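Colleague: Provided herewith is a single structure, encoded as structure tokens, for subsequent inquiry.
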Amino acid sequence: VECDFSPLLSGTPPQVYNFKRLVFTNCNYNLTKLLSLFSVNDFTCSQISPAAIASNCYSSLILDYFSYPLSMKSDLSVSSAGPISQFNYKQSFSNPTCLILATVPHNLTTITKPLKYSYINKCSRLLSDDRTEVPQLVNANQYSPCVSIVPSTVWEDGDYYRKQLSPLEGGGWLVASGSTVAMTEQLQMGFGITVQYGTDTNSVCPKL
Amino acid sequence: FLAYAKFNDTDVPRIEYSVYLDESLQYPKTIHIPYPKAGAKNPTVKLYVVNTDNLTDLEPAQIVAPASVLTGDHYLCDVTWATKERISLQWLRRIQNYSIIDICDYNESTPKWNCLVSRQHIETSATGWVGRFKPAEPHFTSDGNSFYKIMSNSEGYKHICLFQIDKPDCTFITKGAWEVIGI
Ligand SMILES: *[C@@H]1O[C@H](CO)[C@@H](O[C@@H]2O[C@H](CO)[C@@H](O[C@@H]3O[C@H](CO)[C@@H](O)[C@H](O)[C@@H]3O)[C@H](O)[C@H]2NC(C)=O)[C@H](O)[C@H]1NC(C)=O
Ligand SMILES: *[C@@H]1O[C@H](CO)[C@@H](O[C@@H]2O[C@H](CO)[C@@H](O)[C@H](O)[C@H]2NC(C)=O)[C@H](O)[C@H]1NC(C)=O
Ligand SMILES: *[C@@H]1O[C@H](CO)[C@@H](O)[C@H](O)[C@H]1NC(C)=O
């Protein structure tokens, strides 16, 4: 009956373009207990307050977690034209959302660090024209098409990736480019909470 | 702004030849030079732009090459500043019959350099290669909204074409059975 937060606290967090998603239904959470394990640097919310989201009932609660540097805070808005919201990760507006940038402390030894932070700064498709480019903007709550070609961690800032397509996939090429950010002393992560309301299925409630 | 290019010859084969220096030098020096012969690994190239006024805060901002050129190896053959905040990049496919000009404007936030797709400009050749030794460089107007450059026409004669940034076609301002050497 307790919401399983375990996969977030163990292993290496994926990059922003490969965010892992925990879907919580029919359970009971203590969110403040989870955020107490970290060092919360920024906690903003939309269509809901942070104080409420740790204390209300929903039919379903989704928690996306990934590796994210605190220097690119300005880029994790959804009213932004940055590469993060363009090609990597984007939250939906039709339901309350919350965004949390946290830092793994010394007391949390069960989360491993990767070599560096990595994000996509270009993910477009070249048409059978071989002249026409159609930038592949990611949709809300979805993965970019270029996750098929961009590896789990960009080896070097500037690496470009390509994949020729069959006529049944639209022909032409799928094309992407990588970029990196230096790793910090302690791991810097981001969390995206997104709640939904079913009719009789108000099942995810904080415990007492 | 300072735009600079980053070359990477890490995996490019190096030619070696001996240098038999002065009669006092007893052991000749071997000289290593990254030299991509026909078919070898070419050096990669990236283009970065830096804000010289306030640098200690910000980083270099990479300007990625268009997708039309990212289908393989490619060259960077011209960098021209149109205005104080606009930059033009000529890219060139490794198979040198496909070049493209990229017009990139500066944005107050990220992305620092916004390159609209509608102001890309392609240059191809079905007979041979593009240009004489490299495609002509764009000669921008004062306002950076149009540039004259040298192109081949239907009869295959290098003449001056009038390019509009946002419009896809160009207009020849000369013609004849003769060529233009340079603007
Ligand atoms: C400059 O160019 C060199 C030569 O390509 C770059 O180093 C090389 O990077 C490639 C990745 O593009 C490495 O190849 C292999 O990639 C696979 C992918 O999974 C991986 O499993 C292999 O272990 C390996 O990483 C290659 O090893 C590497 N060579 C080196 C480091 O000597 C270099 O990153 C480029 N630098 C810049 C600034 O562009
Ligand atoms: C640029 O050159 C390449 C090769 O020189 C051209 O690709 C060839 O195109 C012809 C006719 O379209 C084909 O018969 C060949 O099979 C192609 N080569 C390969 C390796 O497949 C390409 O068409 C040229 N680009 C332009 C715009 O003309
Ligand atoms: C939730 O966790 C906080 C952490 O400080 C604790 O104070 C509180 O008693 C917990 N409540 C429940 C119902 O588990």
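In the structure tokens, chains take the letters A, B, ... in the order shown, each chain's residues start at 1, and ligands count up from 1 in the order shown.
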What residues in chain B have any atom no more than 8 Å from chain A when counting only C-alpha atoms, and can you write them as JSON, numbers by chain?

Modeller: {"B": [46, 62, 64, 67, 68, 70, 71, 72, 110, 111, 117, 122]}

Colleague: Write the residues of the preceding selection, restricted to N, CA and C atoms, as a PDB file, in the first residue's frame.

Modeller:
```pdb
ATOM      1  N   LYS B  46      33.835  21.894 -35.549  1.00  0.00           N
ATOM      2  CA  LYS B  46      32.664  22.487 -34.925  1.00  0.00           C
ATOM      3  C   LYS B  46      32.865  23.992 -34.843  1.00  0.00           C
ATOM      4  N   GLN B  62      27.873  26.543 -29.020  1.00  0.00           N
ATOM      5  CA  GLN B  62      28.078  25.829 -30.272  1.00  0.00           C
ATOM      6  C   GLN B  62      26.943  26.123 -31.239  1.00  0.00           C
ATOM      7  N   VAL B  64      25.365  24.337 -34.237  1.00  0.00           N
ATOM      8  CA  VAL B  64      25.364  23.038 -34.888  1.00  0.00           C
ATOM      9  C   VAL B  64      25.122  23.207 -36.384  1.00  0.00           C
ATOM     10  N   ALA B  67      20.988  19.798 -40.552  1.00  0.00           N
ATOM     11  CA  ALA B  67      20.799  18.359 -40.715  1.00  0.00           C
ATOM     12  C   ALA B  67      21.130  17.906 -42.131  1.00  0.00           C
ATOM     13  N   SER B  68      20.904  18.767 -43.126  1.00  0.00           N
ATOM     14  CA  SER B  68      21.194  18.414 -44.513  1.00  0.00           C
ATOM     15  C   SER B  68      22.659  18.060 -44.723  1.00  0.00           C
ATOM     16  N   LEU B  70      24.600  16.840 -41.945  1.00  0.00           N
ATOM     17  CA  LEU B  70      24.939  15.885 -40.894  1.00  0.00           C
ATOM     18  C   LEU B  70      24.730  14.428 -41.298  1.00  0.00           C
ATOM     19  N   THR B  71      24.473  14.141 -42.571  1.00  0.00           N
ATOM     20  CA  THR B  71      24.310  12.764 -43.022  1.00  0.00           C
ATOM     21  C   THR B  71      25.642  12.041 -43.203  1.00  0.00           C
ATOM     22  N   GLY B  72      26.733  12.607 -42.702  1.00  0.00           N
ATOM     23  CA  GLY B  72      28.051  12.029 -42.885  1.00  0.00           C
ATOM     24  C   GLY B  72      29.121  13.052 -42.547  1.00  0.00           C
ATOM     25  N   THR B 110      18.476  31.330 -24.033  1.00  0.00           N
ATOM     26  CA  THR B 110      18.793  30.118 -24.775  1.00  0.00           C
ATOM     27  C   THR B 110      17.607  29.738 -25.664  1.00  0.00           C
ATOM     28  N   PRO B 111      17.854  29.246 -26.892  1.00  0.00           N
ATOM     29  CA  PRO B 111      19.180  29.022 -27.480  1.00  0.00           C
ATOM     30  C   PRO B 111      19.858  30.330 -27.883  1.00  0.00           C
ATOM     31  N   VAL B 117      15.170  27.549 -40.165  1.00  0.00           N
ATOM     32  CA  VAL B 117      15.306  26.623 -41.287  1.00  0.00           C
ATOM     33  C   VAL B 117      14.896  27.289 -42.596  1.00  0.00           C
ATOM     34  N   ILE B 122      20.608  26.319 -50.297  1.00  0.00           N
ATOM     35  CA  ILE B 122      21.299  25.150 -50.825  1.00  0.00           C
ATOM     36  C   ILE B 122      21.973  25.521 -52.136  1.00  0.00           C
TER      37      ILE B 122
END
```

Colleague: Report as a ChimeraX atom specification all protein, DNA and RNA residues lying within 9 Å of residue B:181, evaluated on only C-alpha atoms, omitting residues in the same chain fewer than 6 positions from it.

Modeller: /B:150,158-159

Colleague: Taking only C-alpha atoms and all ligand atoms into account, name the residue in B:129, B:106, B:17, B:113 that is nearest to ligand 2.

Modeller: B:129

Colleague: Taking only C-alpha atoms and all ligand atoms into account, report as a list in words which residues have an atom no farther than 12 Å from an atom of ligand 3.

Modeller: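 Result of the 12 Å neighbour search around ligand 3: residues 2, 3, 28, 29, 30, 31, 32, 33, 34, 35, 36, 37, 54, 55, 205, 206, 207 and 208 of chain A.
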
Colleague: For those residues, write N, CA and C atoms to a file as a PDB file, in the first residue's frame.

Modeller:
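Output contents, as saved in result_21.pdb:
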```
ATOM      1  N   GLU A   2       2.175   1.060   0.179  1.00  0.00           N
ATOM      2  CA  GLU A   2       3.123   2.162   0.156  1.00  0.00           C
ATOM      3  C   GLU A   2       3.696   2.304  -1.250  1.00  0.00           C
ATOM      4  N   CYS A   3       3.703   3.534  -1.763  1.00  0.00           N
ATOM      5  CA  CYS A   3       4.217   3.781  -3.105  1.00  0.00           C
ATOM      6  C   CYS A   3       5.708   3.474  -3.162  1.00  0.00           C
ATOM      7  N   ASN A  28       0.111   4.618  -1.087  1.00  0.00           N
ATOM      8  CA  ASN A  28       0.164   5.682  -0.094  1.00  0.00           C
ATOM      9  C   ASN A  28       1.594   6.188   0.012  1.00  0.00           C
ATOM     10  N   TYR A  29       1.772   7.502  -0.101  1.00  0.00           N
ATOM     11  CA  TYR A  29       3.100   8.093  -0.167  1.00  0.00           C
ATOM     12  C   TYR A  29       3.368   9.000   1.027  1.00  0.00           C
ATOM     13  N   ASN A  30       4.657   9.237   1.266  1.00  0.00           N
ATOM     14  CA  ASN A  30       5.141  10.295   2.151  1.00  0.00           C
ATOM     15  C   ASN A  30       6.193  11.038   1.333  1.00  0.00           C
ATOM     16  N   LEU A  31       5.750  12.034   0.562  1.00  0.00           N
ATOM     17  CA  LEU A  31       6.653  12.711  -0.364  1.00  0.00           C
ATOM     18  C   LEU A  31       7.726  13.502   0.377  1.00  0.00           C
ATOM     19  N   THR A  32       7.353  14.191   1.460  1.00  0.00           N
ATOM     20  CA  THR A  32       8.333  14.958   2.225  1.00  0.00           C
ATOM     21  C   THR A  32       9.445  14.064   2.760  1.00  0.00           C
ATOM     22  N   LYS A  33       9.118  12.812   3.094  1.00  0.00           N
ATOM     23  CA  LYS A  33      10.143  11.848   3.481  1.00  0.00           C
ATOM     24  C   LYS A  33      11.136  11.625   2.348  1.00  0.00           C
ATOM     25  N   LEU A  34      10.642  11.536   1.112  1.00  0.00           N
ATOM     26  CA  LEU A  34      11.532  11.350  -0.030  1.00  0.00           C
ATOM     27  C   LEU A  34      12.432  12.565  -0.229  1.00  0.00           C
ATOM     28  N   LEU A  35      11.844  13.764  -0.249  1.00  0.00           N
ATOM     29  CA  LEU A  35      12.623  14.982  -0.446  1.00  0.00           C
ATOM     30  C   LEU A  35      13.576  15.262   0.709  1.00  0.00           C
ATOM     31  N   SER A  36      13.339  14.669   1.881  1.00  0.00           N
ATOM     32  CA  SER A  36      14.269  14.815   2.995  1.00  0.00           C
ATOM     33  C   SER A  36      15.582  14.084   2.749  1.00  0.00           C
ATOM     34  N   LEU A  37      15.581  13.069   1.882  1.00  0.00           N
ATOM     35  CA  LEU A  37      16.802  12.328   1.582  1.00  0.00           C
ATOM     36  C   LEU A  37      17.758  13.116   0.698  1.00  0.00           C
ATOM     37  N   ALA A  54       2.151  17.237  -1.729  1.00  0.00           N
ATOM     38  CA  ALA A  54       2.590  16.244  -0.761  1.00  0.00           C
ATOM     39  C   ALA A  54       1.484  15.833   0.202  1.00  0.00           C
ATOM     40  N   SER A  55       0.259  16.330   0.003  1.00  0.00           N
ATOM     41  CA  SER A  55      -0.785  16.170   1.004  1.00  0.00           C
ATOM     42  C   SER A  55      -2.187  15.935   0.453  1.00  0.00           C
ATOM     43  N   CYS A 205      -3.131   8.393  -1.939  1.00  0.00           N
ATOM     44  CA  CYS A 205      -3.329   9.315  -0.834  1.00  0.00           C
ATOM     45  C   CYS A 205      -2.129   9.270   0.098  1.00  0.00           C
ATOM     46  N   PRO A 206      -1.780  10.396   0.715  1.00  0.00           N
ATOM     47  CA  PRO A 206      -0.714  10.369   1.722  1.00  0.00           C
ATOM     48  C   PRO A 206      -1.144   9.551   2.929  1.00  0.00           C
ATOM     49  N   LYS A 207      -0.197   8.810   3.501  1.00  0.00           N
ATOM     50  CA  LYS A 207      -0.519   8.008   4.671  1.00  0.00           C
ATOM     51  C   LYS A 207      -0.620   8.899   5.910  1.00  0.00           C
ATOM     52  N   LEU A 208      -1.070   8.301   7.010  1.00  0.00           N
ATOM     53  CA  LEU A 208      -1.291   9.046   8.245  1.00  0.00           C
ATOM     54  C   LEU A 208      -0.650   8.344   9.441  1.00  0.00           C
TER      55      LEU A 208
END
```

Colleague: Got a sec to check which residues lie within 8 Å of ligand 2, using only C-alpha atoms and all ligand atoms, and send them as a list in words?

Modeller: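 Going residue by residue within 8 Å of ligand 2, we get residues 95, 96, 97, 98, 124, 125, 126, 127, 128 and 129 of chain B.
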
Colleague: Please, what distance in Å, to one decimal, runs between atom CA of residue A:92 and atom CA of residue A:141?

Modeller: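 So the answer is 6.6 Å.
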
Colleague: If you count only C-alpha atoms, which residues fall within 7 Å of residue B:69, apart from same-chain ones fewer than 5 positions away, as a PyMOL selection string?

Modeller: chain B and resi 74+92-93

Colleague: Using only C-alpha atoms and all ligand atoms, what are the residues with an atom within 10 Å of ligand 1, set out as a VMD selection string?

Modeller: (chain A and resid 151 to 161) or (chain B and resid 6 to 12 41 43 to 46)
